$ cat work12.txt   # compact mmCIF, C-alpha atoms and all ligand atoms
# COMPACT_ATOMS: atom_id res chain seq x y z
CA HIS Y 635 19.70 -14.70 -19.21
CA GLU Y 636 17.45 -15.60 -16.30
CA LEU Y 637 14.39 -14.14 -18.02
CA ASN Y 638 15.05 -16.15 -21.19
CA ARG Y 639 16.41 -19.58 -20.39
CA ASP Y 640 13.13 -21.37 -19.70
CA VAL Y 641 11.25 -20.06 -22.75
CA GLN Y 642 12.23 -22.49 -25.49
CA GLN Y 643 10.65 -20.14 -28.05
CA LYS Y 644 13.34 -18.99 -30.45
CA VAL Y 645 12.33 -15.33 -30.35
CA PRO Y 646 14.24 -13.77 -27.43
CA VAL Y 647 12.70 -11.78 -24.60
CA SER Y 648 13.84 -8.54 -23.02
CA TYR Y 649 12.77 -5.50 -21.11
CA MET Y 650 13.87 -2.12 -22.40
CA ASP Y 651 15.99 0.34 -20.44
CA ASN Y 652 13.29 3.00 -20.27
CA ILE Y 653 12.04 0.97 -17.29
CA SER Y 654 12.13 2.88 -13.99
CA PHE Y 655 13.59 0.50 -11.43
CA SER Y 656 12.98 3.25 -8.87
CA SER Y 657 9.30 3.54 -9.76
CA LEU Y 658 8.99 -0.22 -9.36
CA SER Y 659 11.01 -0.24 -6.12
CA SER Y 660 8.38 1.51 -4.06
CA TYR Y 661 5.28 2.65 -5.93
CA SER Y 662 4.97 -0.71 -7.64
CA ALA Y 663 6.08 -2.88 -4.73
CA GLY Y 664 4.81 -1.66 -1.35
CA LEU Y 665 4.95 -4.54 1.15
CA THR Y 666 4.68 -7.25 -1.46
CA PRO Y 667 5.92 -10.47 0.14
CA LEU Y 668 8.57 -11.44 -2.39
CA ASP Y 669 7.48 -13.80 -5.14
CA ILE Y 670 8.10 -10.83 -7.39
CA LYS Y 671 8.63 -13.78 -9.72
CA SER Y 672 4.84 -13.83 -9.93
CA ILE Y 673 4.93 -10.23 -11.18
CA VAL Y 674 7.61 -10.76 -13.78
CA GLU Y 675 5.96 -13.91 -15.10
CA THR Y 676 2.55 -12.22 -15.25
CA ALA Y 677 4.14 -9.48 -17.34
CA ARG Y 678 6.01 -11.95 -19.54
CA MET Y 679 2.72 -13.65 -20.35
CA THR Y 680 0.93 -10.41 -21.20
CA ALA Y 681 3.81 -9.05 -23.28
CA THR Y 682 3.97 -12.33 -25.17
CA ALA Y 683 0.23 -12.14 -25.81
CA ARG Y 684 0.44 -8.79 -27.59
CA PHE Y 685 3.37 -10.17 -29.57
CA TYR Y 686 1.34 -13.13 -30.74
CA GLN Y 687 -1.53 -10.69 -31.25
CA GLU Y 688 0.47 -8.73 -33.84
CA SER Y 689 1.91 -12.02 -35.13
CA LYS Y 690 -1.37 -12.44 -37.04
CA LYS Y 691 0.18 -10.59 -40.01
CA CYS Y 692 -0.44 -7.25 -38.33
CA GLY Y 693 1.32 -4.04 -39.28
CA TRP Y 694 4.78 -4.97 -38.03
CA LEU Y 695 6.72 -7.66 -36.14
CA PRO Y 696 9.40 -6.20 -33.84
CA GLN Y 697 11.02 -9.66 -33.82
CA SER Y 698 11.39 -9.64 -30.03
CA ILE Y 699 9.07 -9.85 -27.04
CA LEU Y 700 9.32 -6.46 -25.35
CA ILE Y 701 8.06 -5.82 -21.83
CA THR Y 702 6.59 -2.42 -20.97
CA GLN Y 703 5.92 -0.35 -17.86
CA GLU Y 704 2.17 -0.41 -18.49
CA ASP Y 705 2.11 -4.19 -18.22
CA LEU Y 706 4.11 -4.00 -14.99
CA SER Y 707 1.58 -1.52 -13.59
CA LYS Y 708 -1.31 -3.75 -14.65
CA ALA Y 709 0.51 -6.80 -13.27
CA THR Y 710 1.14 -5.28 -9.85
CA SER Y 711 -2.39 -3.96 -9.55
CA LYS Y 712 -3.69 -7.42 -10.45
CA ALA Y 713 -1.35 -8.99 -7.89
CA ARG Y 714 -2.96 -6.83 -5.22
CA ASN Y 715 -6.46 -8.18 -5.96
CA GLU Y 716 -6.03 -11.70 -7.30
CA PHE Y 717 -4.99 -12.25 -3.69
CA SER Y 718 -8.59 -11.23 -3.06
CA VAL Y 719 -8.56 -12.38 0.57
CA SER Y 720 -5.84 -9.81 1.27
CA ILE Y 721 -6.82 -7.01 3.65
CA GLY Y 722 -4.45 -4.53 1.99
CA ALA Y 723 -5.09 -1.68 -0.42
CA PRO Y 724 -3.18 0.08 -3.21
CA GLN Y 725 -1.33 3.36 -2.72
CA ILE Y 726 -3.32 5.48 -5.21
CA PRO Y 727 -7.06 5.63 -4.38
CA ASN Y 728 -6.85 9.41 -4.95
CA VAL Y 729 -7.22 11.83 -7.88
CA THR Y 730 -7.72 15.62 -8.21
CA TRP Y 731 -7.09 15.89 -4.46
CA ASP Y 732 -3.29 15.85 -4.46
CA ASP Y 733 -2.49 17.40 -1.09
CA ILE Y 734 -3.63 20.95 -1.77
CA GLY Y 735 -1.75 22.39 1.22
CA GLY Y 736 -2.90 25.93 0.39
CA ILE Y 737 -6.64 25.32 0.47
CA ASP Y 738 -6.60 25.85 4.24
CA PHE Y 739 -4.24 26.25 7.20
CA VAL Y 740 -5.02 22.77 8.48
CA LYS Y 741 -3.97 21.29 5.13
CA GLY Y 742 -0.91 23.51 5.54
CA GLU Y 743 -0.18 21.53 8.72
CA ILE Y 744 -0.97 17.87 7.89
CA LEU Y 745 2.29 17.95 5.93
CA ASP Y 746 4.22 18.54 9.18
CA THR Y 747 3.73 14.96 10.40
CA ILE Y 748 5.06 13.48 7.12
CA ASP Y 749 7.67 16.03 5.96
CA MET Y 750 9.56 15.78 9.26
CA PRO Y 751 10.01 11.97 9.46
CA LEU Y 752 10.86 12.10 5.76
CA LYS Y 753 14.04 13.55 7.39
CA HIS Y 754 13.92 16.67 5.22
CA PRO Y 755 14.56 18.94 8.25
CA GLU Y 756 17.11 16.51 9.71
CA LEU Y 757 18.26 12.91 9.95
CA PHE Y 758 16.34 12.77 13.22
CA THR Y 759 17.77 10.76 16.11
CA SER Y 760 14.81 8.32 16.12
CA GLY Y 761 15.14 8.62 19.89
CA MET Y 762 14.03 11.91 21.44
CA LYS Y 763 11.01 14.05 20.49
CA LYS Y 764 7.63 12.31 20.54
CA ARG Y 765 6.05 12.09 17.10
CA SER Y 766 3.46 14.69 16.05
CA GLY Y 767 0.94 12.01 15.09
CA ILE Y 768 -2.44 13.50 14.20
CA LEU Y 769 -5.81 12.72 15.82
CA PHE Y 770 -8.22 14.25 13.34
CA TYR Y 771 -11.46 15.94 14.29
CA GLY Y 772 -11.03 17.72 10.97
CA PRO Y 773 -14.28 18.53 9.25
CA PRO Y 774 -16.44 16.58 11.68
CA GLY Y 775 -19.53 15.89 9.59
CA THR Y 776 -17.88 14.66 6.38
CA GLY Y 777 -14.46 14.53 4.75
CA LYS Y 778 -12.44 12.05 6.74
CA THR Y 779 -13.00 9.02 4.50
CA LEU Y 780 -11.23 11.01 1.79
CA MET Y 781 -8.76 13.04 3.84
CA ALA Y 782 -6.34 10.32 4.94
CA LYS Y 783 -6.40 8.62 1.54
CA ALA Y 784 -5.71 11.95 -0.18
CA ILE Y 785 -2.53 12.69 1.76
CA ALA Y 786 -1.51 9.02 1.86
CA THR Y 787 -1.32 8.70 -1.92
CA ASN Y 788 0.28 12.05 -2.62
CA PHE Y 789 2.92 12.50 0.07
CA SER Y 790 3.21 8.87 1.25
CA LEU Y 791 3.24 5.42 -0.28
CA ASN Y 792 0.58 2.93 0.92
CA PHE Y 793 -2.74 2.64 2.71
CA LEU X 922 11.99 22.66 18.89
CA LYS X 923 13.53 26.15 18.85
CA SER X 924 17.02 24.67 18.44
CA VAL X 925 15.70 22.46 15.63
CA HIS X 926 14.12 25.45 13.87
CA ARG X 927 17.36 27.42 14.19
CA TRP X 928 19.23 24.39 12.83
CA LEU X 929 16.65 24.02 10.06
CA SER X 930 17.05 27.76 9.42
CA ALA X 931 20.73 26.99 8.81
CA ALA X 932 19.83 23.92 6.69
CA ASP X 933 17.12 25.95 4.93
CA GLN X 934 18.31 25.38 1.34
CA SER X 935 20.18 23.00 -0.94
CA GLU X 936 23.37 24.97 -0.30
CA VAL X 937 25.45 22.44 -2.29
CA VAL X 938 24.96 20.00 -5.19
CA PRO X 939 22.13 21.81 -7.04
CA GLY X 940 19.99 19.97 -9.56
CA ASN X 941 21.75 19.34 -12.89
CA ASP X 942 18.82 20.77 -14.87
CA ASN X 943 20.78 21.28 -18.12
CA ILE X 944 18.54 21.84 -21.15
CA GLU X 945 19.41 20.15 -24.45
CA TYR X 946 18.31 21.15 -27.95
CA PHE X 947 14.76 22.32 -28.52
CA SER X 948 13.76 19.23 -30.48
CA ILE X 949 11.89 19.76 -33.77
CA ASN X 950 8.31 19.75 -32.48
CA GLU X 951 6.71 18.31 -35.62
CA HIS X 952 4.55 16.25 -33.24
CA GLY X 953 4.00 15.79 -29.52
CA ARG X 954 3.82 18.34 -26.72
CA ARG X 955 7.57 18.91 -26.08
CA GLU X 956 7.37 16.94 -22.80
CA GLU X 957 11.16 16.67 -22.76
CA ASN X 958 11.28 16.46 -18.95
CA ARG X 959 10.30 12.78 -18.63
CA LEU X 960 12.73 11.64 -21.33
CA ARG X 961 15.56 13.73 -19.85
CA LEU X 962 14.84 12.29 -16.39
CA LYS X 963 14.77 8.69 -17.69
CA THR X 964 18.03 9.27 -19.60
CA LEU X 965 19.87 10.85 -16.66
CA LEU X 966 18.60 8.17 -14.25
CA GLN X 967 19.76 5.42 -16.62
CA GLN X 968 23.15 7.00 -17.32
CA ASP X 969 24.08 8.08 -13.77
CA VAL X 970 22.12 5.74 -11.44
CA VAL X 971 21.45 8.68 -9.10
CA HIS X 972 19.71 6.25 -6.70
CA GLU X 973 22.90 4.13 -6.33
CA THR X 974 22.46 4.76 -2.57
CA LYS X 975 25.84 6.33 -1.85
CA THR X 976 25.79 10.05 -2.64
CA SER X 977 24.26 12.56 -0.23
CA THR X 978 23.30 16.23 -0.29
CA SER X 979 24.96 16.96 3.08
CA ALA X 980 24.12 20.68 2.96
CA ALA X 981 24.41 20.72 6.78
CA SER X 982 26.30 18.88 9.50
CA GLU X 983 23.37 16.73 10.68
CA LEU X 984 25.06 17.51 14.01
CA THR X 985 25.99 20.57 16.14
CA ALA X 986 22.55 20.73 17.80
CA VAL X 987 23.37 23.99 19.57
CA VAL X 988 21.35 24.94 22.68
CA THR X 989 21.08 28.44 24.10
CA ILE X 990 19.13 30.91 26.24
CA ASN X 991 18.13 32.70 23.03
CA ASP X 992 14.61 31.21 22.86
CA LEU X 993 14.15 29.73 26.35
CA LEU X 994 12.28 32.84 27.57
CA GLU X 995 9.48 31.94 25.14
CA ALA X 996 8.30 30.26 28.33
CA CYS X 997 6.45 33.61 28.50
CA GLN X 998 3.75 32.67 31.02
CA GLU X 999 2.89 29.07 31.87
CA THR X 1000 -0.75 27.97 31.74
CA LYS X 1001 -0.24 26.44 35.19
CA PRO X 1002 -2.95 25.38 37.63
CA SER X 1003 -3.05 26.75 41.21
CA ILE X 1004 -3.79 30.32 40.17
CA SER X 1005 -6.70 29.71 42.53
CA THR X 1006 -5.63 27.04 45.00
CA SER X 1007 -7.95 27.18 48.05
CA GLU X 1008 -8.63 23.47 47.55
CA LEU X 1009 -4.91 22.67 47.73
CA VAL X 1010 -4.15 24.87 50.74
CA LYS X 1011 -7.04 23.04 52.43
CA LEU X 1012 -5.16 19.91 51.31
CA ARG X 1013 -2.21 21.17 53.35
CA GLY X 1014 -4.67 22.10 56.09
CA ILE X 1015 -5.53 18.42 56.52
CA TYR X 1016 -1.90 17.91 57.60
CA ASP X 1017 -1.70 21.15 59.60
CA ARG X 1018 -0.90 18.91 62.55
CA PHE X 1019 0.79 15.52 62.19
CA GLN X 1020 -2.60 13.75 62.03
CA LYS X 1021 -2.81 11.51 58.94
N1 LIG Y 1101 -14.08 19.09 1.90
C1 LIG Y 1101 -14.58 18.31 0.93
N2 LIG Y 1101 -14.40 18.69 -0.35
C2 LIG Y 1101 -14.90 17.92 -1.32
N3 LIG Y 1101 -15.58 16.78 -1.22
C3 LIG Y 1101 -15.73 16.42 0.06
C4 LIG Y 1101 -15.28 17.11 1.17
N4 LIG Y 1101 -15.62 16.45 2.34
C5 LIG Y 1101 -16.27 15.39 1.91
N5 LIG Y 1101 -16.37 15.31 0.55
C6 LIG Y 1101 -17.04 14.25 -0.21
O1 LIG Y 1101 -17.21 13.15 0.65
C7 LIG Y 1101 -16.08 12.25 0.50
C8 LIG Y 1101 -15.29 12.23 1.78
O2 LIG Y 1101 -16.17 12.41 2.91
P1 LIG Y 1101 -17.24 11.32 3.31
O3 LIG Y 1101 -18.62 11.83 3.22
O4 LIG Y 1101 -16.98 10.05 2.48
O5 LIG Y 1101 -16.85 10.96 4.79
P2 LIG Y 1101 -17.45 10.08 5.96
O6 LIG Y 1101 -17.98 8.80 5.45
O7 LIG Y 1101 -18.40 10.96 6.76
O8 LIG Y 1101 -16.19 9.83 6.85
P3 LIG Y 1101 -15.76 8.99 8.10
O9 LIG Y 1101 -14.75 7.99 7.55
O10 LIG Y 1101 -15.22 9.88 9.16
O11 LIG Y 1101 -17.02 8.23 8.50
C9 LIG Y 1101 -15.29 12.74 -0.71
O12 LIG Y 1101 -14.96 11.65 -1.57
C10 LIG Y 1101 -16.25 13.71 -1.40
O13 LIG Y 1101 -17.12 13.02 -2.28
MG MG Y 1102 -16.63 7.98 6.36

$ encode --input "work12.txt" --output "structure tokens"
Amino acid sequence: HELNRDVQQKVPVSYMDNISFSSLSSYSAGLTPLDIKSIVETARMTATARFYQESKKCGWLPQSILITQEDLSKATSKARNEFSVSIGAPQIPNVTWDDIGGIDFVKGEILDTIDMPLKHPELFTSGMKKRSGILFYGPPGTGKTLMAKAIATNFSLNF
Amino acid sequence: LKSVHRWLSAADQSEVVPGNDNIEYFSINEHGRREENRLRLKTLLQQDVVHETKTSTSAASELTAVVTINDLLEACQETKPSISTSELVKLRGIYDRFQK
């Protein structure tokens, strides 16, 4: 009802329940400073555009505007860059390099500093042991530019 | 750390509430690549709201942080200074009498 009421157009609007509210909740949303309204409206425009696209006597008319996860992904990625002054970055600057913890022992240990505060060993006290934060010599000549991004996408959630 | 690793060695598996990985019919694969997993996950997430933020695995106490001698002797040998200490016994030698 809130998505519809302002569109006077007789054809109704809806999402469809294949949406992943959990995949929105973090991967799609990061720090974003509310005004999620901007997201949902940006989607509603784009979804309506493809509807009026097919409205030109194309192969079928599903008789309702239907939002889709792809337009939410596009919308959120646009929202991170239309705010072009923003210093931030998306979560997924990384491909083919998904945290290959077996390629070497050191890769087998980067995961320590993330897996632990993910509370998988315990619901830690948040008030005793100093954090195993990493100060990376790593491969000194080259690598580092990639390294942090690679782990950050694949076992964490923003950069 | 030793106590935590013993505790983790107790918490070392999903001892309760295993994953409900029931497999439905092998759908008639006239087309597609039988990627049933994503559809099954979407269906189960929609129907059960597993992320309703109330259930917990609770395979261990999250408590009972036992402490014991058992690993303390991993002190082994300390990498201490003052294996050679002539400088520091000369430090005492400055106060051999009460002067300064
Ligand atoms: N171990 C590696 N395996 C594969 N490609 C690598 C590796 N190390 C570096 N590269 C290449 O270089 C990139 C990451 O290292 P890069 O040369 O950008 O670092 P850098 O600019 O020296 O880092 P820093 O941020 O410390 O200045 C990767 O995108 C890849 O193209
Ligand atoms: Mg660099």

$ residues_around --input "work12.txt" --residues "residue 649 in chain Y" --least-positions-apart "3" --cutoff "8 Å" --atoms "only C-alpha atoms" --output "MDAnalysis selection string"
chainID Y and resid 653 700:702

$ closest_residue --input "work12.txt" --among "X:977, X:935, X:950, X:967" --to "chain Y" --atoms "only C-alpha atoms"
X:967

$ closest_residue --input "work12.txt" --among "X:925, X:949, X:971, X:960" --to "residue 656 in chain Y" --atoms "all atoms listed in the file"
X:971

$ closest_atom_pairs --input "work12.txt" --of "chain Y" --to "ligand MG 1102 (chain Y)" --cutoff "10 Å" --atoms "only C-alpha atoms and all ligand atoms" --output "JSON lines"
{"residue": "Y:775", "atom": "CA", "partner": "Y:MG1102", "partner_atom": "MG", "distance": 9.0}
{"residue": "Y:776", "atom": "CA", "partner": "Y:MG1102", "partner_atom": "MG", "distance": 6.8}
{"residue": "Y:777", "atom": "CA", "partner": "Y:MG1102", "partner_atom": "MG", "distance": 7.1}
{"residue": "Y:778", "atom": "CA", "partner": "Y:MG1102", "partner_atom": "MG", "distance": 5.9}
{"residue": "Y:779", "atom": "CA", "partner": "Y:MG1102", "partner_atom": "MG", "distance": 4.2}
{"residue": "Y:780", "atom": "CA", "partner": "Y:MG1102", "partner_atom": "MG", "distance": 7.7}
{"residue": "Y:781", "atom": "CA", "partner": "Y:MG1102", "partner_atom": "MG", "distance": 9.7}

$ interface_residues --input "work12.txt" --of "chain Y" --to "chain X" --cutoff "10 Å" --atoms "all atoms listed in the file" --output "list in words"
residues 651, 652, 653, 654, 655, 656, 754, 755, 756, 757, 758, 759 and 763 of chain Y

$ atom_distance --input "work12.txt" --atom1 "CA of residue 927 in chain X" --atom2 "CA of residue 738 in chain Y"
26.0 Å

$ atom_distance --input "work12.txt" --atom1 "CA of residue 698 in chain Y" --atom2 "CA of residue 683 in chain Y"
12.2 Å

$ atom_distance --input "work12.txt" --atom1 "atom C1 of ligand LIG 1101 (chain Y)" --atom2 "CA of residue 664 in chain Y"
27.9 Å

$ closest_residue --input "work12.txt" --among "Y:768, Y:658, Y:737, Y:712" --to "ligand LIG 1101 (chain Y)" --atoms "only C-alpha atoms and all ligand atoms"
Y:737

$ axis_aligned_box --input "work12.txt" --around "range 941-956 of chain X" --padding-each-side "3 Å" --output "lines of an AutoDock Vina configuration file"
center_x = 12.8
center_y = 19.1
center_z = -24.3
size_x = 23.9
size_y = 12.5
size_z = 28.7

$ closest_residue --input "work12.txt" --among "Y:709, Y:786, Y:750, Y:734" --to "ligand LIG 1101 (chain Y)" --atoms "only C-alpha atoms and all ligand atoms"
Y:734

$ residues_around --input "work12.txt" --residues "range 722-731 of chain Y" --least-positions-apart "3" --cutoff "12 Å" --atoms "all atoms listed in the file" --output "MDAnalysis selection string"
chainID Y and resid 660:666 707 710:719 734:737 741 777 779:793
